[PDB]
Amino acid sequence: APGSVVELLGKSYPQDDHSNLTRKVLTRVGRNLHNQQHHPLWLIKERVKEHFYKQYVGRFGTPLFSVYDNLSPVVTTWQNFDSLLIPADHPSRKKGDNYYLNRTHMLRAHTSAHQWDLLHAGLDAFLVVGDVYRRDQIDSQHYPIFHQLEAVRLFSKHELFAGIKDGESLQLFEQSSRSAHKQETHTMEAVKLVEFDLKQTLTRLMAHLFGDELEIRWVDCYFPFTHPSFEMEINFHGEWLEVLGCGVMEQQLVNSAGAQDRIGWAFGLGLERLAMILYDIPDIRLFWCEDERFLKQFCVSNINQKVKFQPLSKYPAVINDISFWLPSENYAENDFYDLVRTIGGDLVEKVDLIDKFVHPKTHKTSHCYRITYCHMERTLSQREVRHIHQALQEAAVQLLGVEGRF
């Protein structure tokens, strides 16, 4: 029966109460833009690889980062969440925000879903590069599929302290208390040196990519799988924008994988955000077009070329509002955004939820959304926008159970 199973790459996934993949999102699996020669996301991947191969120093010799850029994005919820100490009630698990094949399997929402497995295989240094998947809003800075680069680097005790003359007393581990600055089983000596290595390598990487005009800052933050943790923000177009999260790996995670004689750092870089800043790319949909006007601008002889995408003129937009009554107590905005992606695809530039109200006589909730139809590569005709918008109205009633207003 329709809707009972999803098949992907030869495997079958029975559908249940968690299942929420759209056909549209599934058609993106395997595209692997980060492996497409000359693609801007591939360019960033290659430049990061070169950084660690040529410009990262280790006191015992540079670790050698093995690179995994072709792992299937289908993961278990154990890989994506439990292995990273993400609590069962954590909002990052909500059905509204993740593409679940079912209660047990999902499309990975982050490349951190592979940390535990690669640590458990015994690696001390690795990169993971891949497409990741999240349910989210529609605008020029958000897409249901994007790409991350994960890095993990572990140190042994004498490796971390190798530059210290009287360092035989120094330890990685102790039994004390957790503070804002360190985990309960880490010494402050070890945390300071791991943090220094992590921030130094990331600063050097960004300085190479952007030059020394770059304005960056570190923001103290929280993740369940690192502590202390930071985000790096870059000041771009007058605002501070996060480009990566990182930190000192939680020792329970590292110990659980079998590396109890190691302390580590890890980071996760958003490739599209970096590429949009670095290359003057104004809209995330451009990564997904095959327009030779776009792809030819990144075919460079040296991966370190300072290319500046020259954008096309903006084409005219058609703006249409759409309003409906929500079903009785079963609806997420992201269900509508998924349907917009399904029907309108890359014709849709942005969707804003403008108005919401409750009607007293019926107790129903009305939403009104504003849809900006504007294509990156061509002028949309009024007629074709009308036909797409009509299809959207009809699909919302049929599939989401809404009752149309206008």
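Heads up: residue numbers just count along the shown sequence, starting at 1.
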item: Higher-scoring stretch by recorded Cα B factor average, 283-291 or 149-157; value: 283-291
item: Which of 258-266 and 293-301 has higher mean CA B factor, as the PDB entry lists it; value: 293-301
item: Residue, from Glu46, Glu377, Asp69, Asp338, that the PDB entry assigns the highest Cα B-factor; value: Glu377
item: Most elevated Cα B-factor in the entry, residues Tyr331, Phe196, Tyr133, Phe236; value: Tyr331
item: Chain third (lowest, middle, highest) by recorded CA B-factor, residue given as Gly245; value: lowest
item: Ranked C-alpha temperature factor of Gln79 among modelled chain residues, by third; value: lowest
item: B-factor third for the C-alpha atom of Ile354 within its chain; value: highest
item: Where the record places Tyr53 (Cα B-factor, split into thirds across the chain); value: highest
item: Ranked C-alpha temperature factor of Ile277 among modelled chain residues, by third; value: middle
